[PDB]
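> My sequence and its experimental structure, below.
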Amino acid sequence: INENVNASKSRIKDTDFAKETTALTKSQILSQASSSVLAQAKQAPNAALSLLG
Amino acid sequence: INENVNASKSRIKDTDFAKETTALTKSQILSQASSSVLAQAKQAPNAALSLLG
Amino acid sequence: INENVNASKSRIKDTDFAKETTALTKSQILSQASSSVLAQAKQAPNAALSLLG
Amino acid sequence: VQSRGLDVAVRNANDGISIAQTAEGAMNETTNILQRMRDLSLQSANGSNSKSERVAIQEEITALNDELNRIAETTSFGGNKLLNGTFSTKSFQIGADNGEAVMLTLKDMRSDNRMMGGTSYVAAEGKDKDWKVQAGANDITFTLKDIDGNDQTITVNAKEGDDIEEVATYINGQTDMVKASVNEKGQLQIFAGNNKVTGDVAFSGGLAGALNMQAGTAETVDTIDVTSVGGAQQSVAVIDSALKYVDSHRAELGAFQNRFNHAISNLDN
Amino acid sequence: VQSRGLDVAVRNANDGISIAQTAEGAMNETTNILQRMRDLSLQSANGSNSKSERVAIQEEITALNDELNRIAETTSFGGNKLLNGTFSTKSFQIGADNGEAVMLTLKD
Amino acid sequence: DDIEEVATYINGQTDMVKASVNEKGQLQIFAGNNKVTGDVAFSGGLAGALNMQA
Amino acid sequence: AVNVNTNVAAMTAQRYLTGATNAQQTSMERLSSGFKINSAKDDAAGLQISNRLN
Amino acid sequence: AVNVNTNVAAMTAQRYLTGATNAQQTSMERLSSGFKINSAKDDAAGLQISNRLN
């Protein structure tokens, strides 16, 4: 019973690096991209002063 | 099924960076272009002053 | 028979890692190339603004 | 319009390859379950197994049968079931103009689909261990109409002095259209895969007269019973016929994918 | 007039190259489909393959065949179908003055 | 088929009604107002056995 | 003719990228399973003979 | 399409990884136990025959 129960507990509690490690990487790339877009966005308003000024 | 379903969901909702990145770059160009034209346009009435001389 | 049948099944279904790995390597390299030229391509319109407003 | 249309077409085509991919994946598991059932059936055939053993095997076969049906009645694409048979001859437009659509037909993969089986003719006269092919009565005639309607006549001249079991093995070797198997009583059975033979097989010849073959009962994977050696041998064939049907559908989908992939490449160019 | 005509002529010729590009590109996929068919044929030829196998190969062959006919009846330049036979012997005026046109014929 | 298999089959044959089974083993048919308006007149021999209620 | 509304060159590269990306997935998939034919699209005849040999 | 919110390649790799992990554990048991039919999941019929023989 102990062996089977420990197996059962794993499925519901232990983390699967396979999916977890992937999920981490995904978050990292999205964050890196998001910030890049944010940097572009920060410069966007500069258009007015830069041109019409 | 989940794997194929996830792949399908991607085609309909995921962002094709290759396509979007080019679109962003294109949008900025047209933007800077229009701005330059607009600046040139604002100067149009300046002509009259000379005619008024 | 079982031995020869298994051998026969492999030749038609097995993955020759040697060729497959080589292929994947080439595929990744090709991808990196496409990505590099894609980058230079996005810069094309930049010439227009440089040409003039 | 054409450019924008071509874009939408590429998407429509991507949807097509997706629906197909899901269906193909489901049929994959279907194949694995069928293979397990076939092996369990062969284990059941061995005389060593007593009724209790066959009862045990049957229980697993019942379970896998239900699992096959489940896969078919559950596999869905966002809600549209793809294997129960509801999806049928659906058109997937893959062009920037009207009418360019390419058809796609998903066949029912239920374990009771007429295709996933055939017909079983069983002899009426059981031959004891001391029965041998009698000289002059060693001819069995198989008159059937294949699948394309083309009629064929398989004429198997059994080797003189062979036991009922050897008779079956001989037939199994002298043809691929019909499959033979000897039941517990010795009554030779003949299974005709709906995929291979259509209509009804006709048995003529002296050996046929001695065997007294009876009419054929439609047998599907859903109707297999390995509780009796006779049922076990028959089931092996029923599963084999099905494995074909399943693989055939998968192959057609395979092309549908290849074709749609090719369309995508042409469309983008 | 010559200068203005030369401009339109350059445009007309650009359209010409465009039509050829569209057609040539479609034929690129035509070739791949055919080559796939060739390999599948050589497979079916091998003796080990049984009648059942040949049936399967034929199914893929049949599908690819329809694709060639699809590409033929679809490839178009804004509704002007190209590689199906309907488009043939079309002159492209690439000269400022009249009667200066190169002829293009797209075979079925 | 078992009562569960009945529900799965029903769920596969139609989209208007979604069938399910409670702990007591009683088939539950749900109908979305977004898809079905009014009542549902269950009929037939199986319904005679199931005895669908209000 | 420097143009901004269209970058055919970009389209060309993206098209070949998609070709290379799909290639990687196909290869990687085969490497992971160890099976050259993991779907009929790989080789219908093989799927058939290999399943039957299996 | 160099997308980021999905990685079917990984999903495919994982599916096979699991398959291998389970297969490793399955054989590891048999090796330690010394018995192929460790659980009823294997040769349910053999279980009955083995037990009856034992």
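It's in. Residues are numbered from 1 along each chain as shown, chains lettered A, B, ... in the order given.
> Distance check, the residue nearest to residue D:136 when sequence neighbours are not counted against chain E.
Excluding its sequence neighbours, the residue lying closest to residue D:136 (Cβ to Cβ, 6 or more residues apart in numbering or on different chains) is residue D:206, at 6.1 Å. For every residue, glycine as well, the C-beta is placed using N, CA and C. According to Cβ to the nearest Cβ, to the nearest Å, residue D:206 stands 30 Å off from chain E.
> Surely residue D:206 touches residue D:138?
Yes: Residue D:206 lies in contact with residue D:138 (Cβ atoms under 8 Å); the separation is 7.1 Å.
> Between those two, point out the one with more neighbours.
residue D:138 (21 against 17; other Cβ atoms under 10 Å in any protein chain shown).
> In contact with that one, which residues?
For residue D:138, the contact set (Cβ atoms under 8 Å, 6 or more residues apart in numbering or on different chains) comprises D:157, D:158, D:159, D:160, D:206, D:207.
> just residue D:44 next, same as before
Counting by Cβ under 8 Å, 6+ apart, residue D:44 has contacts D:53, D:54, D:57, D:58, D:226, D:227, D:229, D:231, D:232, D:235, H:45.
> Three-state assignment for it, please.
The three-state label given to residue D:44 by DSSP: H, G, I helix; E, B strand; the rest coil is helix.
> Roughly how far does it sit from chain C?
On the measure of Cβ to the nearest Cβ, residue D:44 and chain C end up 20 Å apart.
> go on, residue A:14?
Per Cβ to the nearest Cβ, residue A:14 is found 31 Å from chain C.
> Count the neighbours of that residue for me.
9.
> got the phi/psi numbers for it?
Main-chain torsions, residue A:14, degrees, to the nearest 10: phi -60, psi 150.
> Please enumerate the helices of chain D.
When secondary structure is read from DSSP state H, chain D shows helices at D:2-45, D:51-74, D:164-174, D:206-211, D:229-268.
> Let me know which of those is tucked in deepest.
Comparing those by mean neighbour count (mean count of other Cβ atoms under 10 Å in any protein chain shown), helix D:229-268 ranks first with a mean of 23.
> quick one: is that helix near chain C?
No: counting by Cβ under 8 Å from any Cβ of the partner chain, chain C has no neighbours in helix D:229-268; the shortest distance is 13.5 Å.
> now that helix against helix E:51-74, angle please.
20 degrees (axes from the mean of the first three to the mean of the last three Cα atoms, to 10 degrees).
> Now do the contacts for the residue of chain A found nearest chain C.
Residue nearest to chain C within chain A (Cβ to the nearest Cβ): residue A:51, separated by 10.1 Å. If you count contacts by Cβ under 8 Å, 6+ apart, residue A:51 has them with B:35, B:36, B:38, B:39.
> In chain G, which residue sits nearest chain D?
residue G:40 (2.4 Å).
> What is the burial count for that residue?
The number of residues packed near residue G:40 is 30, by other Cβ under 10 Å.
> tell me the secondary structure for it?
Of the three states, residue G:40 takes coil under three-state DSSP.
> close enough to count as contact, it and residue D:24?
Yes: the pair residue G:40 / residue D:24 is scored as a contact, 6.3 Å apart, by Cβ under 8 Å.
> can you pull the contacts of the residue of chain G closest to chain D?
Residue G:40 neighbours (Cβ under 8 Å, 6+ apart): D:24, D:250, D:251, D:253, D:254, D:255, D:257, G:47.
> roughly how far apart are the third one and residue E:17?
Distance of residue D:251 to residue E:17, computed by Cβ to Cβ, to the nearest Å: 42 Å.
> and what of residue D:93?
Relative to residue E:17, residue D:93 is positioned 30 Å away (Cβ to Cβ).
> one step back: which of the helices of chain D sits closest to residue G:32?
helix D:2-45 (15.2 Å; Cβ to Cβ).
> check which helix or strand covers residue 31.
Let's take chain A. Using DSSP states H and E, residue A:31 sits in helix A:17-43.
> not quite, I wanted chain G
helix G:8-33.
> Give the next helix or strand downstream of that helix.
That would be, after helix G:8-33 and using DSSP H and E, helix G:44-53.
> Report the distance from that following helix to the chain centre.
21 Å (Cα atoms, centre = their mean, to the nearest Å).
> returning to what we had before: determine which two of the contacts of residue D:138 are furthest apart.
D:159 and D:206 (14.2 Å).
> now the residue in chain G positioned nearest to chain H, nearest residue through space, not along the chain?
Residue of chain G nearest chain H, by Cβ to the nearest Cβ: residue G:32 (4.2 Å). Closest residue in space to residue G:32, ignoring its immediate chain neighbours: residue H:16 at 4.2 Å, by Cβ to Cβ, 6+ apart.
> Next, count neighbours for the one you found.
16.
> thought it was touching residue G:35?
No: using Cβ under 8 Å, residue H:16 is not in contact with residue G:35, being 9.4 Å away.
> I'd like to know which residues of chain G are adjacent to chain E.
G:44, G:45, G:47, G:48, G:49.
> what number of residues lie near the second one?
What that stands for is residue G:45. Neighbours around residue G:45, by other Cβ under 10 Å: 26.
> just the first one next, same as before
Burial of residue G:44, expressed as a neighbour count using other Cβ under 10 Å, amounts to 30.
> Make sure it is actually in contact with residue D:256.
No: Residue G:44 is beyond contact range of residue D:256, at 10.8 Å (criterion: Cβ under 8 Å).
> Quick one: residues contacting the residue of chain A at minimum distance from chain G.
Residue nearest to chain G within chain A (Cβ to the nearest Cβ): residue A:18, separated by 11.8 Å. By Cβ under 8 Å, 6+ apart, the residues touching residue A:18 are H:14, H:17, H:18.
> Test my guess that residue D:178 contacts residue D:189.
No: using Cβ under 8 Å, residue D:178 is not in contact with residue D:189; the gap is 10.3 Å.
> between the helices of chain D, which gets nearest to residue H:27?
Minimum separation from residue H:27 across these (Cβ to Cβ) falls at helix D:2-45, 18.4 Å.
> relative to helix H:44-53, how tilted is the closest one?
With the same axes, to 10 degrees defining the directions, helix D:2-45 sits at 20 degrees from helix H:44-53.
> still on that earlier bit, ok, the residue nearest to residue D:136 to residue D:158 distance?
Remark: distance between residue D:206 and residue D:158 (Cβ to Cβ) = 10 Å.
> Next: residue G:37.
Relative to residue D:158, and taking Cβ to Cβ, residue G:37 is found at 40 Å.
> Same check on residue D:29?
In terms of Cβ to Cβ, residue D:29 sits 41 Å off from residue D:158.
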